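A.B. asks: Residue numbers (my numbering), protein chains in the order written: chain H, 1 to 128; chain V, 129 to 299; chain R, 300 to 1109.
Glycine residues also receive a C-beta, built at the ideal position from the N, C-alpha and C atoms.
Dropping a structure here in structure tokens format, bear with me for questions.
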Amino acid sequence: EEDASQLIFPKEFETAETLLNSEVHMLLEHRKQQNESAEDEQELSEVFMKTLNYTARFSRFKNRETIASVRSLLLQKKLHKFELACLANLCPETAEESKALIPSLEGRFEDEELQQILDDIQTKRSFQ
Amino acid sequence: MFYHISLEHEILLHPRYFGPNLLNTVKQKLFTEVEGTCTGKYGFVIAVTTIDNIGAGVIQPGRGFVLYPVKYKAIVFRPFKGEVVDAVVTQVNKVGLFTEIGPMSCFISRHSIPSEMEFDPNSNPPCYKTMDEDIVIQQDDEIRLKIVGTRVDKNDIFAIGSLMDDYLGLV
Amino acid sequence: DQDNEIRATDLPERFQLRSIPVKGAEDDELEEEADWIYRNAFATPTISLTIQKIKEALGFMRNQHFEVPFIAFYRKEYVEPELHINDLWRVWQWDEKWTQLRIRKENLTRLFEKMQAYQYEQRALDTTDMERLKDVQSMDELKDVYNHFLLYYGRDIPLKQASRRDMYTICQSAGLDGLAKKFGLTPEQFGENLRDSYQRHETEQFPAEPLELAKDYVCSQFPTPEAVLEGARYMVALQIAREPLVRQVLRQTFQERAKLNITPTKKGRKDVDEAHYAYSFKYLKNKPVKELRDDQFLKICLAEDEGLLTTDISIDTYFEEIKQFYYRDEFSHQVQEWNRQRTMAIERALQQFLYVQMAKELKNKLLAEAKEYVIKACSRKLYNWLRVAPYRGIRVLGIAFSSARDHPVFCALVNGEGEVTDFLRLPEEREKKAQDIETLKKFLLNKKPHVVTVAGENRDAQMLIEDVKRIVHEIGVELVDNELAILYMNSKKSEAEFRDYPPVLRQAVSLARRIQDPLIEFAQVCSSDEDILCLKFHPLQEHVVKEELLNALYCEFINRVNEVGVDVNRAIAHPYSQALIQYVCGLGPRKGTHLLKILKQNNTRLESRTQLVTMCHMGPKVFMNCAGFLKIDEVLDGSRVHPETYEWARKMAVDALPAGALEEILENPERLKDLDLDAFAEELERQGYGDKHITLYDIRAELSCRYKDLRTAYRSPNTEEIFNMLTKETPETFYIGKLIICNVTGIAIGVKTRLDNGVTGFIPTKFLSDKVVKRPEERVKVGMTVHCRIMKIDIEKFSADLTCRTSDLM
RNA sequence: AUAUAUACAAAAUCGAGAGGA
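Here it is, written out as structure tokens:
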């Protein structure tokens, strides 16, 4: 019933706040900071590990401010939080790749408007 | 996808924890209970960020325990059908490619791998390749893939992938 | 069904199984192989653990289809003295590797050619097609070539392309190639500079400073002309770090000057203490990889997988050396700029591409060496089991037992042939023990069994052997290992063969069978990969690759089974032994069961060896492969001589002085030295055609005694063996100074403490401080358990000093 | 240079009558 491509979600992920893999990243090492210190605490689960490594492997922005800026930039334009996160996580190159990856951007914007959007992403994309 | 959502829980507090430092105990029990688990309604529960409200703790008549209802926020990772995410192959079989989209495990049946690719077990690292090897997926490679189907198993989500359409696969 | 053609084709079974099927050679392909096999299978590894020979062998393997045993036992002169059986197995192992490489090198050849076409249609490939691909001596450098290509030409496939991660292509969008070219010194060249460790190619200055060139290229993805410098450096970096030549030198550098640092993770500081395996390297610093010992890195890496420890491989500087190249001298101040950019480009290359990838490469190399050691050890251990001769068929009696507290002893008399004859159960006390002893002697009198063997489970084997000794004197008695028998018992087959018996009788039959001929029993009870792996060949066995490990173990079996050879008839008439035939070279599980089949079906015994192709349908190549190795107690069949040498052997028989001739020779060698090796060899230049001297030397040997067994003769275990067997832990596992939980029993002047290991623990009188002084109760109450530290061992009596003083405990 | 055990709740319903406080 739930369909990302058709932009369908169950009611719980309507007021949900999305993230970018780099947001999740920085928060997960934040929690590593909490865990490594504060002894007499349970070690983080292998699930926590798998997600940590993954988001680390694909966090396209390695600076907090840059992530914030990315976000903010995606906010000011009418976009769904879902597409917000998919664009920022996937970092597509050309407008047509975006459509292939995020069909829910079908007809929403113009390919050129979108293109300079993507370009704005990429230009904020931090070196690492 | 990763999200940040608000949730519900009631903890029973044994009377040994009445005393100073008892709300901490309500915390620490929320931590030790909710985190690390996976539920199909919400998907992988990565961690709990910030609680909101500790309710009024009702002594249960007889039996001692106090029941505190709690409000809290947590990170969750919930795939959805028709989504495209990056994934890392961990191992390659003639059936398909086992990948993981983070904590979740995903699989791409041979049929879902395009037709050009063939599976080559004979390779020094086993891999799926084209005859000319212009594109080669093997261990540790990152790929994009459409989550075409997901399934619940023991509160554990695993996805079903596809590399059909344009701009998927080997990154 | 695959099994049908395999049973039916004319190649040895184990040839069809292999993933890369075996295709003939060319003798130029073969020479290049042999060179490769030499260099790679005989170059020093990174942790401390003729080509014509390889040529000849590969020829045998790949063109004639001789299996490694036939090469090894019937083409010695070709490959000896420089290849042994294990060497040939290694050679065929690496021939697979060669072929994989050849096939990937081919694939890449085509891919490159296609790209050349496409480029002609429209940088380019000129020699790198030649220079690189043809000169790929290793899969590693093949990936360099391959990834190198994919950087530049990978963009163009003629579905959509699936944009890359590394954002090189974002730069390549905005002509950032312009800058990269304009940094001096194209990456090929730089790699050359490294390769020679001195500035073979000078750089190219420019009439500007970086920024001005940047204004040209600063557009859209990169405004702010510094951002285009960043892109340019990054471009330069990947290009450097993908360049194969850079990779070669830097891969080497890592090989030679690689240090290993280790620290413990939160989880590790706590749980790594003095008995955890990792204790010796919980903290390492600048351990050079050249010093990693045999399996040490396997442990290190396991300990990292357990997360309790964290590691890294590096060189420390190298960067400093390197930067001296891509550099210029004059102080113009418009070159200190370019030099600075140049430098930090190389930083990025090394710091986030090459160092990392080289570290993973090396880790895998090391780790895999370690693995190999472990496999090697497991193989060596099995070699040792299998290389022990039968005792001096024989009626063996085998006694097994258990904890024995309310559990009886069964013994099994196993015939010479190996079939169990009869069994006996042997369950205030002193009279009970006495009655048992009496009935034992009754059994032993009645049915005189040559050898009485007693399991090893614990100290009780000692008393058990000594009682039996006490009996027999009034014909040998031997302690015997019990590890395989445990496996037999637990296995479903033992149920199969003895539905009625209790399990410990199943050990009894086993332990008798193994003493009679260990190879047969191992082969019978190690029937499947799971089974063999149940045995404990090495502590780390569990971590090495199942496939590789099974391979080594099965090859060990193959080796010995061929030396021992297999009598088909007995494997018929006593279906116990059927397992062997699998390992006879030329045969296999499929081919073997087939042969046993036809023989069963026809209800005939192999009267001869030529009866094989004659009466069964086995093709020429397999008969050549195997036939050597099938005893048939036509007299030459029961001898290691091959059927292709029967004529030479008969000739030698005549030259001794032909049924009278042979039987006389068999009755005695009238003149061993009747022969002249040189003379037979000389003739063989025109009759037999080869330097078959050693073959003759063997045939003479074989005429001496038909199938002389080459196993080593049995020896009862050295007391070290007894110790590590009954106690079941190793010279390593008694770490003198280990800490151990022991139980105190009773001051016999001492403090007699029983170890869980079945070991007596004698806290010495010095710590005790009471010989004629009051008993030491005040130090400790009798009855309970304490944990103390070893300070001496008495293996020959199973006693170990211990320690009271927490000073010793610290 | 020694030292023997371990299984689990069995017993119903209806009707009548006689009593007890």
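#1: Verify the CB distance criterion: does V/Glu-244 have a CB-CB separation below 8 Å to chain H?
#2: Would the segment 556–572 of chain R count as touching the segment 457–476 of chain R if we require 3 or more Cβ pairs under 8 Å?
#3: Chain V partners of H/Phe-61, CB-CB under 7 Å?
#4: By DSSP's criteria, R/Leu-1038 is part of a beta bridge. Which residues make up the other side?
#5: If we define contact as Cβ-Cβ less than 8 Å, is R/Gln-471 a contact residue for chain H?
#6: Measuring CB atoms only, is the segment 668–682 of chain R touching the segment 748–761 of chain R, in the sense that at least three cross pairs come out at less than 8 Å?
#7: Can you find a C-beta in chain H that's less than 8 Å from the C-beta of R/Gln-640?
#8: Checking 8 Å against the spacing of the C-beta atoms, do R/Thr-752 and R/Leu-696 come in under that value?
#9: May I have the straight-line CA-CA distance separating R/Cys-884 from R/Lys-845, to the nearest angstrom?
#10: If you draw a straight line from the alpha carbon of H/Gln-115 to that of H/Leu-7, how long is it in whole angstroms?
#11: Quick one: does H/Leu-87 have its CB under 8 Å from some CB of chain V?
#12: For a contact meaning CB atoms closer than 7 Å, what does H/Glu-1 contact in chain R?
#13: Taking C-beta to C-beta, are R/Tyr-996 and R/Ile-814 nearer than 8 Å?
#14: Please name the residues in the segment 445–469 of chain R whose beta-carbon is closer than 8 Å to at least one beta-carbon of chain H, in chain order.
#15: Tell me where the alpha helix (DSSP H) around R/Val-883 begins and ends.
#16: Using a Cβ-Cβ distance under 8 Å, would residue 319 of chain V count as near chain R?
#17: Please decide whether residue 285 of chain R counts as near chain V, where near means a Cβ-Cβ distance under 8 Å.
#18: Quick one: is R/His-364 buried, meaning 16 or more other Cβ sit within 10 Å of its Cβ, or exposed?
#19: Going by C-alpha to C-alpha distance, which of V/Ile-179, V/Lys-201, V/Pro-148, V/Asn-152 sits closest to V/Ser-134?
#20: Which residue or residues does DSSP assign as beta-bridge partners of V/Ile-187?
#21: Nearest to R/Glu-331 by CA position, among R/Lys-514, R/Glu-355, R/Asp-990, R/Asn-901, is which residue?
#22: Could you check if H/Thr-15 is buried or exposed, using at least 16 other CB atoms within 10 Å of its CB as the buried criterion?
#23: Looking only at DSSP bridge pairs, what is V/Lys-274 linked to?
#24: Taking R/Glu-773 as the reference, give the member of R/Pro-311, R/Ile-346, R/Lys-740 with the closest Cα.
#25: Grouping DSSP H, G and I as helix and E and B as strand, with all else coil, what is R/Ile-469?
#26: Could you run through the segment 305–321 of chain R and flag, in chain order, every residue whose CB is less than 9 Å away from some CB of chain V?
#27: In this structure, does DSSP put R/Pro-524 in helix, strand or coil?
#28: Whose C-alpha, out of R/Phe-482, R/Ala-1099, R/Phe-489, is nearest the C-alpha of R/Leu-528?
#29: Along the segment 1061–1075 of chain R, what residues have a CB closer than 9 Å to any CB found in chain H?
#30: Does the beta carbon of H/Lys-11 sit closer than 8 Å to a beta carbon anywhere in chain V?
#31: Need the endpoints of the beta strand (DSSP E) that R/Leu-723 sits in, please.
#32: Examine the Cβ distances between the segment 54–64 of chain H and the segment 17–31 of chain H and report whether three or more of them are shorter than 8 Å.
#33: Under 8 Å, Cβ to Cβ, is there at least one residue of chain H near V/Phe-130?
#34: Going by C-alpha to C-alpha distance, which of R/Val-1081, R/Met-1024, R/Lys-1070, R/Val-1071 sits closest to R/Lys-1051?
#35: On the CB-based measure, 16 or more other CB atoms within 10 Å of its CB, does R/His-447 come out buried or exposed?
#36: Are R/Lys-1065 and R/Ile-1048 closer than 8 Å when you measure CB to CB?
C.D. replies: By the coordinates alone:
#1: So, not an interface residue.
#2: The segment 556–572 of chain R vs the segment 457–476 of chain R: no contact.
#3: Going along chain V, no residue has its Cβ under 7 Å from H/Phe-61, so there is no contact; the nearest lies around 14 Å.
#4: The beta-bridge partner set that DSSP reports for R/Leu-1038 consists of R/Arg-1088.
#5: No, R/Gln-471 lies away from the interface with chain H (no Cβ there is under 8 Å from its Cβ).
#6: The segment 668–682 of chain R makes no contact with the segment 748–761 of chain R: fewer than 3 CB pairs, one atom from each, lie closer than 8 Å.
#7: Taking Cβ atoms only, chain H never reaches closer than 8 Å to R/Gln-640, which makes this a no.
#8: Yes, the pair counts as a contact, with Cβ atoms nearer than the cut-off.
#9: Each residue's alpha carbon lies about 23 Å from the other.
#10: Between the alpha carbons of H/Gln-115 and H/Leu-7 lies a distance of about 21 Å.
#11: At a cut-off of 8 Å between beta-carbon atoms, H/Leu-87 makes no contact with chain V.
#12: At a C-beta separation below 7 Å, H/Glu-1 has no neighbours in chain R, since its nearest C-beta there lies roughly 29 Å away.
#13: At a Cβ-Cβ threshold of 8 Å, R/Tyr-996 and R/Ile-814 do not count as neighbours.
#14: Residues passing the 8 Å Cβ filter: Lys-459, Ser-462, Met-466, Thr-468, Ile-469.
#15: DSSP places R/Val-883 in no alpha helix (DSSP H); its state is neither H nor E.
#16: Residue 319 of chain V lies beyond the stretch modelled for chain V, which goes from 129 to 299, so this question has no answer here.
#17: Lying outside 300 to 1109, the shown extent of chain R, residue 285 of chain R is not represented and no answer is given.
#18: A residue is called buried when at least 16 other Cβ atoms come within 10 angstroms of its Cβ; R/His-364 meets this threshold and is buried.
#19: Taking only the C-alpha atoms, the option nearest V/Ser-134 is V/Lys-201.
#20: Note: V/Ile-187 sits in a beta bridge opposite V/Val-194.
#21: Ranking R/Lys-514, R/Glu-355, R/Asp-990, R/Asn-901 by Cα distance to R/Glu-331 puts R/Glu-355 first.
#22: Exposed: under 16 other Cβ atoms inside 10 Å.
#23: DSSP links V/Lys-274 through a beta bridge to V/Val-212, V/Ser-290.
#24: Considering only alpha carbons, the answer is R/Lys-740.
#25: Here R/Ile-469 sits in helix by DSSP.
#26: Near chain V, meaning a CB-to-CB distance below 9 Å, the residues of the segment 305–321 of chain R are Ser-318, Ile-319.
#27: In this structure, R/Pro-524 counts as coil in the three-state DSSP scheme.
#28: For R/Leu-528, the closest alpha carbon among the candidates R/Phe-482, R/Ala-1099, R/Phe-489 is that of R/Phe-482.
#29: For chain H, none of the residues of the segment 1061–1075 of chain R brings a beta carbon within less than 9 Å of one of its beta carbons.
#30: No, its Cβ sits nowhere closer than 8 Å to a Cβ of chain V.
#31: Per DSSP, R/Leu-723 belongs to the beta strand (DSSP E) from 719–725.
#32: By the C-beta criterion, the segment 54–64 of chain H is judged to be in contact with the segment 17–31 of chain H, since at least 3 inter-stretch pairs fall below 8 Å.
#33: Closer than 8 Å: yes.
#34: If we check each option's Cα against that of R/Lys-1051, R/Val-1081 comes out closest.
#35: In this structure R/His-447 is buried. Its beta-carbon is surrounded by 16 or more other beta-carbon atoms within 10 angstroms.
#36: No.
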